[PDB]
Each structure stands twice: as structure tokens, then as C-alpha cells.
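Step one of this worksheet: look at the structure below.
Hydrogens, waters and symmetry mates are skipped; everything else that's a heavy atom, side chains included, is used. Letters A, B, ... mirror the listed sequences (proteins, then strands); counts begin at 1.
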Amino acid sequence: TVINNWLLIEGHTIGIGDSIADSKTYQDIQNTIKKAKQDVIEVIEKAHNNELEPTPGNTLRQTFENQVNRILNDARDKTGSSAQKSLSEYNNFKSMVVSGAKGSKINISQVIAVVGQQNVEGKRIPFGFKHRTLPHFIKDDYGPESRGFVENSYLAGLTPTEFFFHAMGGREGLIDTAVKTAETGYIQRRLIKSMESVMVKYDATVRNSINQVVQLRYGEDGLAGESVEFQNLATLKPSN
Amino acid sequence: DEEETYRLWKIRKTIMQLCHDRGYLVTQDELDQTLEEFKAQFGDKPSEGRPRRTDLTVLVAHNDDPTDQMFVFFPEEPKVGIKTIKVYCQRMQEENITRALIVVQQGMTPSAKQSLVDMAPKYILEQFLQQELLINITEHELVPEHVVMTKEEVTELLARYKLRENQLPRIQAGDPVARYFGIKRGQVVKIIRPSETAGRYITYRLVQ
Amino acid sequence: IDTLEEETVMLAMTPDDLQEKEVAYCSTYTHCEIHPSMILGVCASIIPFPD
Amino acid sequence: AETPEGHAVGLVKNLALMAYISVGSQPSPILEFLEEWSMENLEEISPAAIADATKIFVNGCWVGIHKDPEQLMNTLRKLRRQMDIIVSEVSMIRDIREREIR
Amino acid sequence: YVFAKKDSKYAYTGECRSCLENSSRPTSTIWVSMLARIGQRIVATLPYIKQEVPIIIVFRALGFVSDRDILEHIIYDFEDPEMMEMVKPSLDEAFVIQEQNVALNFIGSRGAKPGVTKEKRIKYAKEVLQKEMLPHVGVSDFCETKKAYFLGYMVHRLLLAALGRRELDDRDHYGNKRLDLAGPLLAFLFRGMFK
Amino acid sequence: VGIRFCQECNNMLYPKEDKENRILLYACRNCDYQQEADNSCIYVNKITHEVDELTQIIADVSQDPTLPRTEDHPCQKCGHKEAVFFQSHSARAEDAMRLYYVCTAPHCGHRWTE
Amino acid sequence: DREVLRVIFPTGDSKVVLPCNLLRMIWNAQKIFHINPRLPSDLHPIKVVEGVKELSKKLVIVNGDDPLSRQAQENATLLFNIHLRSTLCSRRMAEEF
Amino acid sequence: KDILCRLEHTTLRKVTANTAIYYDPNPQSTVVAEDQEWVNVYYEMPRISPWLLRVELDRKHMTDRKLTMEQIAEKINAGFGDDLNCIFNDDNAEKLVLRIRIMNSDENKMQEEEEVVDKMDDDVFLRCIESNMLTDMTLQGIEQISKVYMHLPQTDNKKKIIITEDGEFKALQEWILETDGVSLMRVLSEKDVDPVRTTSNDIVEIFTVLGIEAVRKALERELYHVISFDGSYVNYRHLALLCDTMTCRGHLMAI
Amino acid sequence: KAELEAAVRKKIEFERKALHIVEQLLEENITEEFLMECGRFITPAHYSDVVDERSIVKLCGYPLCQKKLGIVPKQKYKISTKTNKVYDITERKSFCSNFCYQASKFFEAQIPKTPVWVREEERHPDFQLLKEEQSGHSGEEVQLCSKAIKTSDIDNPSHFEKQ
Ligand SMILES: [Zn+2]
Ligand SMILES: [Zn+2]
Ligand SMILES: [Zn+2]
């Protein structure tokens, strides 16, 4: 109550200009993205000239794939951080995030910096036509634009192929949501009907419906779980 | 070859610890002898050699009374059948001992094991594969400490907790650590384990 | 163009950008999008600024 | 974008705006044109010629082989782009690596 | 469509749902699979036949008795020694059968109605290969050197997949789909009612 | 490695052994046709199977619009400046990402990897 | 007791979960009684020792008079007592709290 | 990596570069020109079958597994005896190969109906043997462990946490293997494998090898890992109670 | 009564089968008809136990044979070139001679497969099988009639006149 009323005095909003970054940060993010582009380009040229040697264990294709995903995720995270470091104190997205109240800082990263690489089943966008992701790209294109790297923020807007790769990669979220809710409800019901008759008896033992000893003391120290708390031990760390 | 000496030595080390746990007077030096002393004492050459399966056969006497002894029989045969278990029993008939322990390599046929248990009251015999003795499992990280409660101690337990044995948790009589301790139905194992909430916990399990 | 004839074609998104001489990406374009927003259905053509 | 959410996500879909579902046609005009454009049937050939020539399927059924599939695709496209014999909703794919014209 | 059966007993399977021009009778799927693992033999799962049939049996039931006259329909370049050794293991499972009528008998012996007479089983297998195997290729008394070519195409394309020379087919690709609107749905509903 | 075909019934010639001279025959099992082999090999399994893909790629792919062209890779045969590169994409040699070029000038179609 | 802890927690993670925040009750006490940390304390070290000794006997989870009941009691509060004796130390309660 | 290769399954197909069933009746003639010399090394003074299964093994794959063809011949006559001759070159020579010939059935076992049972020809027979003995000789490994990953860990949950004589905890970094496929009892009973560690993520294998209390503790460890993966936190009371209900009957009870 | 008598009946059956295995173990005092009346009791698994038990004692797993098994080969497979088959010697190692193996295998092939609890339920098909098995092992005693003594590692999937 007292915060609602002080907020009548102070007010909170979110608008454009919270999503906009000064020209310094725009140049920073553009240069970060351009570096990631040319780094993936030189990795691709390595692969195309066989200077890429497979890291021990997986493949040469998986080596290239991991190297590229690494470059591109580093680009996305560097843009996100270099953006959030420019959020003024007068910015309301900073207000949202530093108190952890609403959204994640990755949401604001995408709003301000870069949407980043879209994945379908953990990998980059699959080659869904014959050897290309969309009929707009050349066959055998492993560049970041071809396989799903959205290099625009939501303020600058996604180009037509980024829009589609983003729809592709954001349908996985919608399907994962449904399958997770289903599996989770199942697991919860199974647990709840498994251990539902177990309860601390009057001699402190934890017993099940057949009056069989499950534990001789609850939690094997006998204490309720809500009245306990994290504490250090102080004789488990120093030297002799 | 040296590999079979290694396996014989490891199995003898596990059997020495297994007899020590069950409460048999095993000397400390015979409990931890490295491969060199095993070679020097037995031969270090299994094939064509003195360190045969037989002649490494231990007879250890219990700690409460040296009358109650136990053999551990390493048969030379890969598999073991009724004839050899019967020669083992008639050998145990002399020097009047009743516990034996057969360390087989491939195991025993179900009829042979069924004949093993029908000698229930006078010759308690029991079989161990080699593959199970190449490691002491009671020295694993996951395996807590098991103690075997005497009958007076389990009586005192149930009279203190007002329990019936069918109210305790259960451990199968063919559990690896129940076979290790030679536990039979109706006996109670006491598992001491360290817990992160209380520090220590002593649960009990009834051998079903 | 149908969905399997669409794999032999080399589309452009816009004439104004894609078929203009530059540092060459593709120079064998064979078709062109009318407008790239014709990829959206009836209920998603109401959303303003969907990109 | 347009899909339901819940138990039918992704199973019910919607056409894009300019998407047109073709209504059907008859392959007989195309089959006659193909015969007339130096396509060899699957009876007047020796399976020794079928090797480096281009299969020609029409509606799934393998109909012949052609020894110049580039000029044939040019001709068939130029005809569909005038609606002479090939109506506009007729698909003509050329697998260059597979050597087929479907 | 050549897909890869995850496990079962077939490493690769190439199906072809066939339907005539005016869909008089429903589609009749034929499979041509390559067993997992002599060697990997090829079998043809025909409609109206309960067991798999060696592929060379189905090529002899069409009247291509010899063995060069069965690989000329399957392997268009004989100087490909890698593709020929894949068909070698299957020109052996059908080594016993060297004539058309014993092959037609071999097929009819597996039908839905295993008749009593060798001639009646031969005629049963004859009309099942003549009307229910690849009907889109033709249903006639001389559409046999076209069904041989098409079944050789399905076998050749299964080999190209097994040799890893062609990508397996995508089941979600929309080039591989067709939408039945009010026209096809209602015509399918009107065939039954006029019948 | 290859298939031999009979000369009377055109069925397949299977290998058999010639005892009296101990020489490898190829004999048909529908005739008494026999043929003294020249290979002395019956079966070759190539498990590692180093394959030439310069032989699977047909020059007709130089007519693909969707394929990337090049200029700094002239054909060695004809000296044509342009080419058309692509990758293998074959379940066997899909591991490497090697580029093959197919000269794009008509009548040449000379393939080469670098 | 330190050697015992080194057995229970062999990984060295000292963050445990115990039923009394002792470093916060010590703070509540420093505040309730206006403890001046700049002055000599009047708490006798022997009083700390004996007081925690008699406190550990009132924290009863398994009520005893019985050898196995006494052992179950000593186990049930083995970690909390180690804690209590290492925070209500006599050196800490005289130079830190 | 030595213990690695001692654990991981190595059949013969993973070692072979190529095979070839030649027809070679008189090995002194040796239709293959390269073998000819070292073959008479076995024929200076030692019947035989004319069909010859010649296996060219990969060299780097036998440098890795520390395999020598001596042991391959041993594995082969371990399953067939001298029913099936194997010949091999010396390893310091390039392209080590293995020449196999089904020796014979010596003079006895007469009067049988062998031509009646339509016996496979000798080439087809040697090929069926080559599949029967290529699918698995199992030259090394535990035949259930497909893949093995050796690596140094960084998370302190898998590092050797010792207590220095100073008295302080120290995390020793050292190699651990991660197999794929469980043969716990066979694995942790071999040399230079820590038996006091070396768990498994299969609680049925733990239950059969180590018992019900070990499966209780390991089941709790796996639940704790699954739950604390995404930085979550469930009190130990609840994990302990679930794992006490699941295993208080003597065996593993799914719920 | 119903399950109490069940316990006692199948336990007396257990010890009876035990000494049945023991009579089997005897180097002699086994007549052919003694073998008949004992195989009257023995089930498949029990006869497998018989052959394993005696094979351990270096005595032929077949009742009638008393030859000692002085040496046993280590190879698991025996490939024959007379006919072209790889044979699995994993049971033939249990016997001294080939005809003994075939005799024993035929014998347990003609053992009653119904469980011992309901085996003495019907002595009619039991003694049917008893005279059956006597005839069979007698044919095995006179001569072997087939040198295929080690099962068969079958790897031949081609069809013959399955038309
Ligand atoms: Zn011929
Ligand atoms: Zn050129
Ligand atoms: Zn015998």
C-alpha cells in the first residue's frame, strides 16, 4: 500500500527511448556484430580450405558447428552486456531489471542489442530446402545470416528472413511449453500419490500407511523443514 | 601368468577383509599383504605352479570362541558341482566346523545351489563368484557401514521402539552386502551413515 | 511457384536491393518476392509492426 | 505466426495471403507436347541410353527420357509463361544433380 | 519416398503411394526395403500379399527372366561396381526361380486367398501385379515394361539412398504434401454414393 | 568386384574353383558356361572407403542458379575465370566440408577440388 | 569435532542447514542489550563453556535414559551441537561477539 | 588413455581397413605380389584351403588401442583354434595385414551326406565366416561400453578433494573417464580404476552390484543432480524421504 | 492342505530331484530302465544340471557312457569342411564322444515338458514318453546316424523351394 501510493506521487512508465541507446552504444553493438560476422567468415574459410582440425571427440562438422555457435553466442552476450551497461539511471528498463522485478536482462538485450541465434532442436536453423535454409540463400551457406542469426534488435526490426527464422525458433518454445506442462503434471501426480500417507507419528517416527518405519526421525534429525536455515560451520574451512 | 596371480591375490585380500568383517580372527599382516608377499608365500606362477587354487584355502576361527571356525574353499575346477561340494562337506565333518565359503569362478547350477542350501542346519555353505570378490564393495563410496545386530541387541531395539520386525525397512537376503556379511532371514542389519542434516544416522533393516 | 519448384529457384526479396550490383552475393537470381509481408496470414496481417 | 495454442499447436495452420492451392489439371496436353518435343518413351529406348539422359516424370509416372533437358526446361517455362499448352499452375522441377525433370 | 526405418528389419525403405488419374480405387502403397545387417537383400512389400517378396521375384513375375534384363532396369550404368555389389545379394535369394510362371506362383502363394490350383494362384498373382501394383503406371495387359521400369526406379533410388548418394526424404517438406479441399473431399465422398 | 554375366542365358556368373588346374573359374548355374577369370579376387569390402567425389558430380550442375559462383579459381583445363563451388553432402563424406569446383564454361565442365 | 566434520563433509562445503541462526541471535542479543564492542566484557569464559554444555542437554530430539536412545540423541544433534560449540566458543564470545 | 582403451569395446570391424577374399591356391605363388616374401617366412617349414581372406587393418587404429596382430591371432584361434589359420607380418613393416585360411577337416568324419545337404561353396563359406568374425572378435573392451570420454573435470564435484597436511582442503584435478553403457561390476574390478568411487547413473546396475543402501544413496544423488541442475534447490529432507519410501522394502520401487 | 501340501510335495520333490541328480552322477548302477524311471522325474533344466554336474567330474554327461573326458578343447567354434558349417562346441565339450552328445540331446528332447508338479499328474503320457525315450536312446546306442554333433551357428538365410 505505501508503495502504491508513493508511486502515485512518483509514477513509473515504459516507453520508447528506454529501448533506444546512445550513438556510442549503437556503434559498439554494430562493431561487435561486424566482428562476429567476419570471424565466422574466417572460420568458414578455414573449413573450406581444410585448415580446420577436428577437436578431439565429435567430428569436423561438429567442430565447425561448435566454433561458430561459440562465436555467435559470444557476440549476442557481448551486445547484451554492452547495452545494459549503457542504460542510464533514468531508464526504466534498468528499473525493471536491477530489482529483478520484471523480465530478464536477456529480454532487454534483445529489445536493445541483438536477438541473436535462433535454434531448432539445439542446432542452428536446419537446411530445410535442398541445401539451403530458405530459397533466398545460396546453396551451402553457413554464414550467420543463412542459418538463423538475427542481428537486429526488436527496435530496429527483423528483416524478412530473420522474421521467419525467429518464428521457426520461437515455435519450439511454444511446443516445449506444452510438453513440459504435460510431463510436469504427470510427475507431480505420481509423486503426490506415491508419498501421501507418510506422516510423522506421535513417537517422532515417520511412518507410512502400513504403519512401517520409513525414517526413525523426520529428515533424520527430527526438525521441521521450514524452521531451518543456511549457516556456515566455521570449523570446516580454516587450516590447522 | 602374472594376471591370474593378481586376481588370486585380490580375491584373497577381499576374502581376508570379508572374514575380518564377519568377526573372524584374521591377523593384520595377512589382511594387508601386497602382491610381492603373495608371490613369495604362494609362488606368483598360477599355471604349472605351486600357487594353485587349492592350497590357498583359509581356516579362520571366530573371535568369541575359537571353536566356531570357517573355511574358504577355492576349488580348482572352473565350475563346481554336487560331488565337490559333498567332498567339501565331508571334509568339514572332520575338525568339526560348520561354516564354509566356496569361491567359484563360473558359478553353480541351480540344482547344485539347491543342494547347497538343503545342508541347512549342520553345514552352512555359501557361494561367491570371483567377479564379485575382485573388489570390496563395502569400501565403495555409496555403501554405508553395516553392522550385524546380535539377537539381544535387536530385542532391545524392538523393545525400545515398540516395533515388530515387520515394521522395519527391509534388505534382501541376497543383497550384495547381505551376502557379504552372511545374513539370513530374520537377522537385522544396522546401517550407520553420515547425514548432512543431523551428522549421523543409524537406520535398521530387516533381512527378508 | 510451388513448394518443390521453389527449391530450384533463386529468390530475391526486393529488386531495389537484391539485384543491384555490389560485392556479389548471388547474381543469378531467377525470381523476386512481390512483397515479403505476403508470407503472413489473415490474422497476422492485422498486427502492426510484427517485425 | 498463426497457429492455435495448447494441444493443437502447429497442427492447424493457415494459408499465407497470396498462397493458392492448385485445383488440378490434365497431363494430356503436356504428354503430347513432350512426345512432339523429341522425348523418347519407355518402350522405344535401350537401357544403355537411359544412363546419361534425363528422366522425365509427369505426375509421378516416369514417362520418358530426354537428352537435352536444359533446352526442354527453357521450352516448358516459355510455354507456361504464355499459357499456351501448360496452364499456369503446372509445376516443373529440374533435379540437375539427380538428372530428372518432374 | 526413401526413408530410413529406425530399427525394424529394414535399413532403408522406399515407398510409393500410387493412385490412378481419376481416383477410381484408393491409393495402394508399395514398399521396397533393404534388410539390415551373403548381404543386405532387397524385399518388395506388395499390396494384397502378406509376406515380403524378393525384388528379383517381382521382376521375374513381370517377365524379365534373365539377369542382365533385370539390372538394366535397376542399374543404368553398369560401370558402377559399387552399386552392382548391392544387388548381388538379391540376385541370389531369387536364384532358384528362373522363369516367369514359377515366380508368379511364388507370389500368389502369399496372397490373401491362397488358392488350391497352381494355375489359379498364378492368375491371382497375375492380376494383383496387373492392377494393384503401381496402378499409376498403368492398369492394362501391356503395362509391364513400364512397371518394370518404375519398380527398377524405386530399387535404384533405394540403392542411391543406401549408398549415401541421395538425401533421405523429408517427411515434413511441403513439396511432399497435397491439400484436399472441398473438391477432392467431395469427389471422394461422391464416388461412394454413386457406387 | 564387378558382375560377370553369362553369354548364353545372361544370368550371373558365380565364381568356382578349378581343381585339375587349380584356377579360378566363373561358371553359370543355368548352363555349363565357364570362363577362366582374370581377377583372382572374389569379394572386396572397403570399410574406410576413401571415395572420389570428383566422379559423382556431373558437370550439369554448372547450370544451377542456386549454386555459388566464383572468379578467383580459374579452370585449369580451359582457363575460364568462373566456377561453381559446392560441398559433398553425402552421408559417407558429409564429415568434411571440402569445396569442389565445376568449371562453368560450356563444353568444359571440368571438376576439381582444392 | 572438526575431525568429525571433515568426515561428514569430505568435499569441504561448509554451508549447512540447521535449526537456529546463531549468528543472528548473537546479533539480536548485541542489540537488545546494547552491547558496546569497545569495552571489556563481563562474561566469564568458564560461563560460556559451562552454559553451552548445559544447553546442549536441553536440546533433546530423542528422549533418553537408554543406551540406544542416548546414541540416537547424540546422532540426531551431532551437527547442530558442533555448530553451537564452535560459534558459542569461549574465544569468540570474548573477542568477537 | 591406456585404461580407456582397455575399457572400450574394440571389435574387428573397427580395426579393419578392408577385406578381400582372393583365390590363392599355392601360397608360394601368392597372387598378391606384396605378401609373397613374408609368407614363405611361415612356409620355410610350417592341408590348406585355396580361398584366402586377406584383411588389411588400419595402422593408426592399432597404434591407438595398443593392439598388436599377435593378440588378434590369439583372439581368433581362441574362438576357432587351428581350425582357421591366421598369418601376419611384422609390425615394423607398412600396411600390416592378416591372411586367414580355413585350414581343413583332416581325414576322419567320413560317410556323411555333405553334398546332400547342399553345402555352401567354399567362398560363400569364407564370406559368412568373415561376417561372423568381423561383427565381433572383441579384441578389447567390455562389450557393453560403446564409447569412452577421457577428460579433466573442472567442477569440484568430480575432483579429488584431499586435505593437505597443513590442514586445508585442496582440489586435485585429475583424469576421469565417462563411458557410455554400464558394466559396473566388470569395470570397477580392473586395475587403476578407483573402486571406492566410480559410480553409475543406472540405479538398477548399482542395486545389483552394491546393494539397497548404495542404491538409496545413489538414487538421492541422481535426484539431487536432476533438480539442482537448473540452479534450483529442494531441501534434503524431501529427497531423503522420497528415496526412503522408494527403497524401504528391500528392492527398487517405481512409484 | 492346498498350498501347505503344495510346499511339502514340491520340497520332497526338490530333495528327490537332488538324489535323482546324484544317481545320475553315479559312474554305474544306472541301467537303461533305471535311466527310464529317472528321466520319468527329470525336467529339461534338471537334465542340463545332470550333464553339467558330470561334465565337471570329467564324466560323460550321458548316463550310459562312462568314458572319462581327459582333455577338452578351448575353442568355442569348430568349423567343418566336410559340410560347410561352423558348429558351436559349447555342449559337445560336455561329452566324450559324439554319439553320446546326440543321445543325451535326443533324450532331453524327449523329456516331459510339463512341470514336475503336474508331471506325475498323468503317468499315461509319462510312460508313453518313457518307452519313447528308451527306443530313441537305443537307436542312439547302436549308431549315431549323423555327424552333426555341435548344434549349428546358422547363417544361411537363402530359401529353397519355398515357392
Ligand atoms: Zn548361363
Ligand atoms: Zn573449364
Ligand atoms: Zn559319452
Side-chain angles (χ1 to χ4, degrees), chain D residues 41-48 50 55 57 60-65, chain E residues 14-16 18 20 28-34 41-76 87 90-112 118-159, chain F residues 5 9-12 30, chain I residues 159 162-163:
Chain D
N41 278 314
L42 283 190
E43 274 80 14
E44 64 167 276
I45 60 169
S46 63
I50 196 182
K55 271 88 165 180
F57 300 72
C61 65
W62 182 6
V63 151
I65 65 147
Chain E
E15 84 172 2
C16 170
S18 280
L20 267 166
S28 72
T29 306
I30 177 173
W31 287 270
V32 176
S33 321
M34 169 169 305
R41 304 175 278 95
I42 296 171
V43 296
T45 302
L46 310 178
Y48 294 169
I49 284 164
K50 269 68 178 172
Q51 294 182 357
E52 288 77 3
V53 179
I55 197 61
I56 315 296
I57 293 316
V58 184
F59 266 98
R60 264 156 190 158
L62 296 168
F64 295 87
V65 285
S66 162
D67 214 354
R68 203 197 289 260
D69 311 320
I70 298 194
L71 302 198
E72 280 168 340
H73 295 55
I74 294 193
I75 298 153
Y76 313 116
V87 315
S90 194
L91 301 171
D92 304 353
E93 212 197 332
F95 162 68
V96 194
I97 290 169
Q98 305 284 327
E99 183 175 357
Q100 161 168 8
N101 287 268
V102 312
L104 273 154
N105 185 13
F106 182 96
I107 278 165
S109 309
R110 274 73 171 170
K118 171 183 174 186
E119 189 276 331
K120 184 55 65 71
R121 284 179 303 178
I122 278 177
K123 195 57 68 72
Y124 174 76
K126 203 149 167 67
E127 266 85 8
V128 72
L129 300 182
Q130 194 255 343
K131 289 188 184 298
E132 283 78 3
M133 198 198 66
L134 310 158
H136 81 260
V137 184
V139 173
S140 297
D141 288 329
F142 301 119
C143 291
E144 275 187 338
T145 182
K146 311 168 187 172
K147 279 179 186 59
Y149 264 129
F150 200 71
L151 189 71
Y153 177 74
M154 307 184 52
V155 171
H156 167 101
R157 211 180 132 196
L158 176 85
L159 300 180
Chain F
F5 288 112
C9 66
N10 271 320
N11 281 77
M12 194 174 54
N30 274 40
Chain I
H159 85 254
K162 288 176 67 177
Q163 186 190 123

field: Donor-acceptor contact below 3.5 Å, side chain E/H156 vs main chain E/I75
entry: no

message: Determine whether a donor-acceptor pair (N or O, by modelled atom type, separation under 3.5 Å) exists between the side chain of E/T45 and the backbone of E/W31.
response: no

- prompt: Is there a side-chain contact between E/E72 and E/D69, using heavy atoms and a 4.5 Å cut-off?
  reply: yes

- line: Interatomic distance, CD@E/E15 vs CG@E/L158, rounded to 0.5 Å, equals 12.5 Å

- prompt: Can you name the nearest heavy-atom pair linking D/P47 to E/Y149, along with the distance?
  reply: CG-OH, 3.1 Å

field: Side-chain (E/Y48) to main-chain (E/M133) donor-acceptor, under 3.5 angstrom
entry: no

- request: Measure the shortest side-chain to side-chain distance between E/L151 and E/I55 over non-hydrogen atoms and say whether it is less than 4.5 angstrom.
  value: yes

- prompt: Can you tell me how far the CG atom of E/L104 sits from the NZ atom of E/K123, to the nearest 0.5 Å?
  reply: 10.0 Å

- prompt: Which pair of heavy atoms, one from E/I74 and one from E/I70, lies closest together, and at what distance?
  reply: CG1-O, 3.2 Å

- prompt: Taking side chain as C-beta onward, heavy atoms only, is E/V102 less than 4.5 Å from E/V96?
  reply: no

task: Evaluate the side-chain proximity of E/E93 to E/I56: yes if any heavy-atom separation is below 4.5 Å, no if none is.
output: no

query: Do the non-hydrogen side-chain atoms of E/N105 and E/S109 ever get within less than 4.5 Å of each other?
result: yes

- prompt: Once you round to the nearest 0.5 Å, how far does CG of E/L62 lie from CZ of E/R60?
  reply: 12.0 Å

- request: Nearest 0.5 Å please: distance from the CD1 atom of E/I97 over to the CD1 atom of E/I107.
  value: 8.5 Å

Min side-chain heavy-atom separation E/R110-I/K162 under 4.5 Å: yes

query: Parallel, tilted or perpendicular: which describes the rings of D/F57 and D/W62, with under 30° parallel and over 60° perpendicular?
result: parallel

message: side chain to side chain contact (heavy atoms under 4.5 Å, CB included), that's the test. Do E/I42 and E/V155 meet it? Break it down for me.
response: CA-CA 8 Å; E/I42 296 171; E/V155 171; 4.2 Å; yes

statement: Minimal heavy-atom distance between E/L129 and E/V58, with the atoms involved, is CD2-CG1, 4.4 Å

task: Taking all non-hydrogen atoms of both residues into account, name the closest pair between E/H136 and E/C16 and its distance.
output: CE1-SG, 3.7 Å

field: Taking every non-hydrogen atom, the tightest pair across E/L71 and F/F5
entry: CD1-CZ, 3.6 Å

task: Supply the atom-to-atom distance E/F142 CZ to D/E43 CD, rounded to the nearest 0.5 angstrom.
output: 11.5 Å

field: Interatomic distance, E/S18 atom OG to E/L134 atom CG [nearest 0.5 angstrom]
entry: 5.0 Å

- request: Mind listing the closest non-hydrogen atom pair of E/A112 and E/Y124 along with its distance?
  value: N-OH, 3.0 Å

query: Are the side chain of E/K147 and the backbone N or O of E/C143 linked by a donor-acceptor pair below 3.5 Å?
result: yes

field: Side chain proximity check, E/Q100 to E/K126, heavy atoms < 4.5 angstrom
entry: yes

- request: Could you tell me whether the side chain of E/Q98 and the main chain of E/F95 form a donor-acceptor pair under 3.5 Å?
  value: yes

message: Would the distance check show the side chain of E/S66 and the main-chain N or O of E/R68 forming a donor-acceptor pair, the cut-off being under 3.5 Å?
response: yes

field: Main-chain N/O of E/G14 paired with E/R157 side-chain donor or acceptor, under 3.5 Å
entry: no

message: What I'd like to find out is whether the side chain of E/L159 reaches to under 4.5 Å of the side chain of E/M34, using heavy atoms alone.
response: yes

